[PDB]
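Visitor: Chains as they are written, first to last, in the deposited numbering: chain A, 35 to 152; chain B, 1 to 264; chain C, 357 to 397; chain D, 8 to 246; chain E, 280 to 418; chain F, 1 to 234; chain G, 245 to 341; chain H, 147 to 195.
Don't be surprised by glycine CBs; every beta carbon is placed ideally from N, CA and C.
1) By the 10 Å Cβ neighbour count, where 16 or more other Cβ atoms means buried, how is residue 198 of chain F classified, buried or exposed?
2) So what does DSSP say about residue 216 of chain D, is it helix, strand or coil?
3) So, for residue 310 of chain G: in the same chain, excluding its five sequence neighbours on each side, which residues have a beta-carbon less than 8 Å away from its beta-carbon?
4) Return no unless some Cβ of chain E is closer than 8 Å to the Cβ of residue 147 of chain A.
5) Within the same chain, show all residues whose beta-carbon is closer than 7 Å to that of residue 203 of chain D, passing over the 5 residues directly before and after it, in chain order.
6) Can you tell me the Cα-Cα spacing of residue 50 of chain F and residue 206 of chain F, whole angstroms?
7) What are the start and end residues of the beta strand (DSSP E) that includes residue 79 of chain D?
8) Could you please give me the residues that DSSP links to residue 3 of chain D through a beta bridge?
9) Does the beta-carbon of residue 217 of chain F have 16 or more other beta-carbons within 10 angstroms, so that it is buried, or is it exposed?
10) Got a sec: which bits of the segment 126 to 144 of chain A sit with their beta carbon under 8 Å from any beta carbon on chain E, in order along the chain?
11) Considering only the alpha carbon of each residue, which of H:157, H:152 and H:182 lies closest to residue 340 of chain G?
12) Kindly list, in the order they appear in chain E, the residues whose Cβ is closer than 7 Å to that of residue 245 of chain G.
13) Let me see if you follow: with CB-CB separation under 8 Å, is residue 148 of chain H close to chain G or not?
14) Taking CB distances under 8 Å as the criterion, tell me whether residue 388 of chain C reaches chain B.
15) Does the beta-carbon distance from residue 406 of chain E to residue 374 of chain E come in below 8 Å?
16) State yes or no: is the C-beta of residue 56 of chain B within less than 8 Å of the C-beta of residue 21 of chain B?
17) Please report whether the beta-carbon of residue 301 of chain E lies at a distance below 8 Å from any beta-carbon of chain D.
18) Cα separation between residue 16 of chain F and residue 152 of chain B?
19) Terminal residues of the continuous alpha helix (DSSP H) containing residue 298 of chain G?
20) Go through its chain and collect everything with a Cβ distance to residue 317 of chain E's Cβ below 8 Å, but skip five positions before and after it.
21) Show which residues of chain G have a CB atom less than 9 Å away from the CB atom of residue 177 of chain H.
22) Would the beta-carbon of residue 145 of chain F fall within 8 Å of that of residue 44 of chain F?
23) Checking the sheet assignment: what are the DSSP bridge partners for residue 39 of chain D?
24) Could you give the uninterrupted runs of the alpha helix (DSSP H) lying entirely in the segment 177 to 242 of chain B, keeping only those of 4 residues or more?
25) Secondary structure at residue 207 of chain F, three-state DSSP: helix, strand or coil?
26) Just checking: is the beta-carbon of residue 357 of chain E within a distance shorter than 8 Å of some beta-carbon in chain D?
27) To the nearest angstrom, report how far apart residue 152 of chain H and residue 349 of chain E are at their CA atoms.
28) Sort D:151, D:221 and D:176 by Cα distance to residue 190 of chain D and report the nearest one.
29) If I'm right that residue 187 of chain B touches residue 381 of chain C with Cβ under 8 Å, what's the distance once you round it to whole angstroms?
30) On the CB-based measure, 16 or more other CB atoms within 10 Å of its CB, does residue 338 of chain G come out buried or exposed?
31) Using the C-alpha atoms, what's the distance from residue 149 of chain D back to residue 41 of chain D?
32) Leaving out five residues before and five after residue 69 of chain B in sequence, what residues of the same chain have Cβ atoms less than 7 Å from its Cβ?
33) Residue 191 of chain B versus chain C: which residues are under 7 Å apart at the beta carbon?
34) Starting from the beta carbon of residue 163 of chain H, find every residue of chain E whose beta carbon is closer than 7 Å, and list them in chain order.
35) Write down every uninterrupted run of the beta strand (DSSP E) in the segment 246 to 295 of chain G whose length is 3 residues or greater and which is fully enclosed by it, in chain order.
36) Can you name the residues of chain G whose CB is closer than 8 Å to the CB of residue 207 of chain D?
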């Protein structure tokens with residue numbers, strides 16, 4: 035997209051993920067992680083986004099907890115309108131909602147709850 | 001059709017699942033195509049043809065067709081090496097008998113096959129085909145025909161290679177006896193089977209069948225349902241593990257024994 | 357000594373079946389069990 | 008049995024003395040690894056010194072046996088150096104007599120026979136060394152053959168040397184499923200990586216000594232710093 | 280070192296056996312871990328006849344054990360049960376039991392609520408190791 | 001020294017009247033991977049097992065069957081390096097003697113030469129005998145074939161035999177199953193079965209090496225060819 | 245197979261196994277063992293449910309070695325300049341003590 | 147990781163359903179000083195020795 039996968043967002047994504055590491059937790063801080071994730075959503079539309087969210091999931095990118103918060107908000111925003119049947123695809127693709135690792139966590143439980151509602 | 005064996009083979013595999021039986025069948029004519037006397041290329045296309053024909057075979061009932069093909073490939077295969085000849089022929093035959101088929105028709109093919117196997121001189125391969133016969137014959141109710149062949153066979157297996165077969169010849173033999181209805185002989189046949197069986201590890205199913213037949217004697221003729229139930233359970237377990245239809249019949253028997261004992 | 361064993365085994369099958377008197381099928385079966393021990397080296 | 012001044016057949020099934028050669032074959036801390044591709048065959052070694060009153064421009068453990076053939080040696084220094092000299096003469100002679108190039112494999116088999124006799128003598132011991140032969144044949148392509156001084160030699164898909172061989176083997180197997188998917192340099196990179204994990208040392212420009220055999224050349228060359236640093240930099244980018 | 284102090288103890292066991300077991304109602308069961316130095320007349324019949332020794336496991340036996348434990352870790356279609364069976368060389372029953380308890384312990388630390396192939400292989404090695412280059416047979 | 005050392009042998013007469021070193025070599029033999037031989041009369045079958053133990057290998061590199069001549073072949077049980085060396089000296093002797101003459105090799109004469117080299121080492125010291133046992137397999141005309149050679153220095157004729165681990169047990173299996181007229185294809189089926197019974201770690205078309213002597217002597221089987229037989233009866 | 249002093253060896257060993265063999269469960273009870281050379285372990289210890297974990301010594305890396313030297317040097321008195329790395333080089337095969 | 151974690155939660159182990167550790171062994175050359183390695187540990191765990 036114009037500045038989505040060819041300027042601010044993408045360049046910033048590559049430098050951070052190197053800084054953060056997938057082999058470590060927090061060395062950056064969560065703020066940059068959240069900011070990138072909220073910006074990428076704003077940057078692009080529904081068809082582009084789904085491919086992008088899955089990519090990010092490949093890499094660890096901080097705490098189990100940190101990632102879970104970021105994924106949860108994005109699910110919340112996609113929950114509307116015609117955007118709802120494409121959402122079904124995304125939530126299924128990511129495993130941390132049909133799967134636990136640390137599952138005394140409320141955010142994951144909610145996202146499952148929602149899937150049942152669908 | 002296509003201009004190559006490779007392209008045609010791939011396209012054919014998908015046709016049965018997508019459209020229907022008729023489309024995959026037309027491609028199988030590689031069998032009556034690119035024939036030689038050398039048979040370097042011709043054998044390679046036959047190996048592909050056996051698998052494609054099996055895929056087709058249950059739905060079509062092409063049992064009759066298969067028969068023409070089985071004879072037809074035979075002098076071709078002999079040519080390149082005896083071992084492949086032996087292998088394609090045996091492999092096809094196993095495929096054939098799985099399906100619903102006429103016994104008479106099958107028995108002619110197996111019968112010619114025995115002669116084919118002598119020609120080169122195989123007691124390894126010949127012994128195996130003779131086994132298949134005892135199983136086909138019993139169903140047709142040529143019980144008498146089964147008894148003699150089995151007696152001759154029991155002597156051959158004993159002395160020669162491969163130890164495992166011997167138990168099967170003994171299992172088929174007791175079945176022969178059961179239908180004739182003279183009870184002691186059958187009780188005695190199974191005991192022999194248990195002896196051989198214990199020596200090496202044998203699957204649950206082989207053993208389980210023996211126990212159904214021990215069971216047949218106990219409930220239906222010695223009326224000792226308590227004991228018969230114990231045999232049926234074991235048999236029931238052996239069948240469950242590898243999945244067989246036999247389990248439902250064993251399940252009937254396990255219920256019946258309780259009713260006879262007079263306990264709802 | 358190993359003949360004695362054949363007799364001891366024979367009793368076990370019959371007991372398990374809850375029979376009063378031991379028969380030829382069992383007695384043979386026992387011989388068979390002891391014959392397998394002899395077969396192995 | 009009596010190892011004391013003779014060596015005999017024993018119920019042990021091996022010899023205490025043969026095991027002892029297997030066991031201590033390094034008295035330093037070098038480790039080595041070799042991988043085979045169809046693009047290269049690479050051996051990765053170390054450079055280490057105890058002081059700097061010593062030179063390092065003649066110190067090496069990679070030998071150029073001949074143009075086509077290369078040999079890295081794991082063994083006692085005295086024994087490694089001797090064997091090379093013996094080999095150098097035998098190869099040359101094979102070239103003279105036959106008029107044709109000596110196969111890599113052929114040398115390993117010939118040398119093996121010389122080892123074996125010494126195993127029969129109770130008046131002389133076998134040399135203590137494991138010899139890894141690497142080369143580029145035009146008759147099966149590149150070839151990687153390891154010898155051990157029991158008289159055993161075999162060709163492998165890749166192998167490792169030093170005292171931590173088994174540990175290196177575990178990485179190797181994972182890797183060895185896919186290795187024909189590596190291009191030229193990317194072979195080299197992975198090769199660096201598996202020694203760095205075992206040994207637990209992120210290398211430095213004067214600690215490493217990569218030797219590569221190159222297909223479509225009869226070259227065995229030890230790589231220049233610029234190329235060696237280019238790789239090292241390359242793994243940083245994936246970290 | 281001694282054979283007297285223990286002697287009176289040993290006599291008494293013989294006395295008791297003889298005192299009863301004609302209106303049998305009490306069983307006697309023995310366990311040993313160094314049965315290389317029993318008494319000859321600890322074995323004289325009319326005192327002991329069955330000796331049951333521990334065996335190697337069957338392929339099918341290993342499987343059963345594996346089927347029971349996995350139920351607890353929570354299955355996946357990622358893992359295959361079969362590979363776990365295929366990997367062994369048919370070692371003793373203690374060893375097969377040993378690994379199954381261990382695999383669960385690795386998994387919790389890795390923070391998982393499912394199951395992964397890799398921890399079984401780490402766990403598998405931990406018990407198995409000792410291996411060294413040997414054999415001149417064909418080495 | 002360069003001529004000093006042990007002039008007399010390590011092996012020595014005992015008040016037992018046995019030869020210690022010799023006794024040990026039966027053990028040395030024992031350790032070998034499973035071997036068999038079947039004589040198909042018109043044919044000959046020899047078979048063995050390649051154990052495998054490192055996934056890291058190449059091709060089917062070294063064998064355990066090497067052709068001495070175009071008519072006789074050896075396979076063995078015992079120590080591998082010894083085998084390579086044993087083959088080289090003999091191989092040299094077979095060609096030189098039977099190119100003086102143009103007659104083709106008689107079987108017994110090879111046996112006589114292998115045994116002598118084995119025996120001289122028993123006579124002399126400094127060097128120890130080899131600790132291998134060989135199966136000399138050949139074909140020629142209507143002659144008998146299939147012969148066995150000991151690290152002892154002794155030879156015997158056989159119709160069938162087995163080597164390697166659990167040699168006595170396998171031979172007892174072999175004894176019962178092997179009788180009368182058989183076929184070259186048939187003999188192969190049996191040998192695989194007898195090897196499987198001795199031990200199977202697995203069998204693939206690369207755990208097995210089978211070679212035969214039949215049409216025009218020794219011929220090496222393709223990997224596919226053997227695999228056809230595995231399917232022909234597993 | 246004495247019972248000289250050796251009967252006591254058997255007495256203690258048997259006790260260790262008896263606790264495990266029991267209906268006791270080390271419910272929150274932790275065990276740490278120290279052994280100089282391992283070769284006298286029982287066949288019941290290989291199985292967990294007594295000695296679960298057996299950890300080895302590990303010989304320090306040069307970066308560990310630097311750290312250890314550094315923490316030692318630090319309390320005590322010194323000049324103003326020490327090349328730490330040079331000493332790291334000479335040193336190998338030691339533990340912190 | 148072995149010792150300390152069971153003390154903090156059995157609960158985490160419990161959900162999975164897995165038996166936790168009882169004993170741990172340290173062996174080798176007493177280059178640390180046998181007793182020193184252990185003693186250093188005792189301090190960290192801060193429990194009833």
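Guide: In short:
1) The residue labelled residue 198 of chain F in the question sits at position 198 within the sixth chain. If you draw a 10 Å sphere on the C-beta of residue 198 of chain F, you find 16 or more other C-beta atoms in it, and that means buried.
2) Counted from its first residue, the fourth chain places residue 216 of chain D at position 209. If DSSP states are grouped into helix, strand and coil, residue 216 of chain D belongs with the strands.
3) Within the seventh chain, numbered from 1, the residue matching residue 310 of chain G stands at position 66. Cβ neighbours of residue 310 of chain G beyond the five flanking positions: 328, 329 and 332.
4) For the purposes of this step, residue 147 of chain A is taken as the residue at position 113 of the first chain. No, its Cβ sits nowhere closer than 8 Å to a Cβ of chain E.
5) As a first step, residue 203 of chain D must be located in the fourth chain, where it is residue number 196. A distance below 7 Å between beta-carbons, with the five flanking residues on each side excluded, links residue 203 of chain D to the following residues of its chain, in chain order: 209 and 210.
6) Looking up residue 50 of chain F in the sixth chain gives position 50. Looking up residue 206 of chain F in the sixth chain gives position 206. Approximately 7 Å between the Cα atoms of the pair.
7) Sequence index remark: in the fourth chain, residue 79 of chain D carries index 72 (1-based). Counting along the chain, the beta strand (DSSP E) containing residue 79 of chain D begins and ends at 77 to 82.
8) What the structure shows of chain D is the stretch from 8 to 246, and residue 3 of chain D is not part of that stretch, so it cannot be assessed.
9) Translated into positions along the sixth chain, residue 217 of chain F becomes position 217. If you draw a 10 Å sphere on the C-beta of residue 217 of chain F, you find 16 or more other C-beta atoms in it, and that means buried.
10) Within the segment 126 to 144 of chain A, those residues whose Cβ lies closer than 8 Å to any Cβ of chain E are, in chain order, 133, 134, 135, 136 and 137.
11) Here residue 340 of chain G corresponds to residue number 96 of the seventh chain, with the count starting at 1. Measuring from the Cα of residue 340 of chain G, the nearest candidate turns out to be H:182.
12) Here the question's residue 245 of chain G lines up with position 1 in the seventh chain. Near residue 245 of chain G (Cβ distances below 7 Å), the residues of chain E are 316.
13) Looking up residue 148 of chain H in the eighth chain gives position 2. Yes, residue 148 of chain H counts as interfacial toward chain G.
14) Along the third chain, one-based indexing puts residue 388 of chain C at 32. Yes, because at least one Cβ of chain B sits closer than 8 Å to the Cβ of residue 388 of chain C.
15) The count along the fifth chain starts at 1 and reaches residue 406 of chain E at position 127. The count along the fifth chain starts at 1 and reaches residue 374 of chain E at position 95. A distance below 8 Å separates the beta carbons of residue 406 of chain E and residue 374 of chain E.
16) Here residue 56 of chain B refers to the residue found at position 56 of the second chain. Here residue 21 of chain B refers to the residue found at position 21 of the second chain. In this structure, residue 56 of chain B places its C-beta atom within 8 Å of the C-beta atom of residue 21 of chain B.
17) Here the question's residue 301 of chain E lines up with position 22 in the fifth chain. Not an interface residue.
18) Mapped onto the sixth chain, residue 16 of chain F falls at position 16. Mapped onto the second chain, residue 152 of chain B falls at position 152. Separation of residue 16 of chain F and residue 152 of chain B (C-alpha to C-alpha, rounded to the nearest whole angstrom) is 54 Å.
19) Your numbering for residue 298 of chain G matches position 54 in the seventh chain. Where residue 298 of chain G is concerned, there is no enclosing alpha helix (DSSP H), although the beta strand (DSSP E) it sits in stretches over 295 to 299.
20) Within the fifth chain, numbered from 1, the residue matching residue 317 of chain E stands at position 38. Short of 8 Å from the beta carbon of residue 317 of chain E, and not among the five residues preceding or following it, lie these beta carbons of its own chain, in chain order: 311.
21) The count along the eighth chain starts at 1 and reaches residue 177 of chain H at position 31. For the C-beta of residue 177 of chain H, the chain G residues within less than 9 Å are, from N- to C-terminus, 301, 303, 337, 338, 339, 340 and 341.
22) Position 145 of the sixth chain, counted from the first residue, corresponds to residue 145 of chain F. Position 44 of the sixth chain, counted from the first residue, corresponds to residue 44 of chain F. Yes, Cβ-Cβ distance for residue 145 of chain F and residue 44 of chain F is below 8 Å.
23) As a position in the fourth chain, residue 39 of chain D is number 32, starting the count at 1. Beta-bridge analysis with DSSP links residue 39 of chain D to D:168.
24) As far as the segment 177 to 242 of chain B is concerned, its whole alpha helix (DSSP H) runs of at least 4 residues are 183 to 197, 204 to 217 and 225 to 240.
25) What you label residue 207 of chain F is simply residue 207 of the sixth chain in a count that begins at 1. It is coil, neither helix nor strand.
26) Here residue 357 of chain E refers to the residue found at position 78 when the fifth chain is read from its first residue. No, its Cβ sits nowhere closer than 8 Å to a Cβ of chain D.
27) Residue numbering aside, residue 152 of chain H sits at position 6 when the eighth chain is read from its first letter. Residue numbering aside, residue 349 of chain E sits at position 70 when the fifth chain is read from its first letter. Looking at the two C-alpha atoms, the distance is approximately 22 Å.
28) In the fourth chain, counting from the first residue as 1, residue 190 of chain D sits at position 183. Among D:151, D:221 and D:176, the Cα nearest to that of residue 190 of chain D belongs to D:221.
29) Here residue 187 of chain B corresponds to residue number 187 of the second chain, with the count starting at 1. Here residue 381 of chain C corresponds to residue number 25 of the third chain, with the count starting at 1. Between residue 381 of chain C and residue 187 of chain B the Cβ distance is about 6 Å, and since that is below 8 Å, they are a contact.
30) Position 94 of the seventh chain holds residue 338 of chain G. So residue 338 of chain G counts as exposed.
31) As a position in the fourth chain, residue 41 of chain D is number 34, starting the count at 1. As a position in the fourth chain, residue 149 of chain D is number 142, starting the count at 1. CA-to-CA, the gap between residue 41 of chain D and residue 149 of chain D works out to about 13 Å.
32) Along the second chain, read from residue 1 onward, the residue named residue 69 of chain B stands at position 69. So the list reads 31, once near-sequence residues are dropped.
33) Position 191 of the second chain, counting from 1, holds the residue named residue 191 of chain B. At a beta-carbon threshold of 7 Å, the residues of chain C lying near residue 191 of chain B are 381, 384 and 385, ordered along the chain.
34) Residue 163 of chain H sits at position 17 when you count from the first residue of the eighth chain. Within 7 Å Cβ-Cβ: 351.
35) Every unbroken stretch of the beta strand (DSSP E) spanning 3 or more residues and falling wholly within the segment 246 to 295 of chain G is given here in chain order: 275 to 279.
36) If you number the fourth chain from 1, residue 207 of chain D lands on position 200. 305, listed in chain order.
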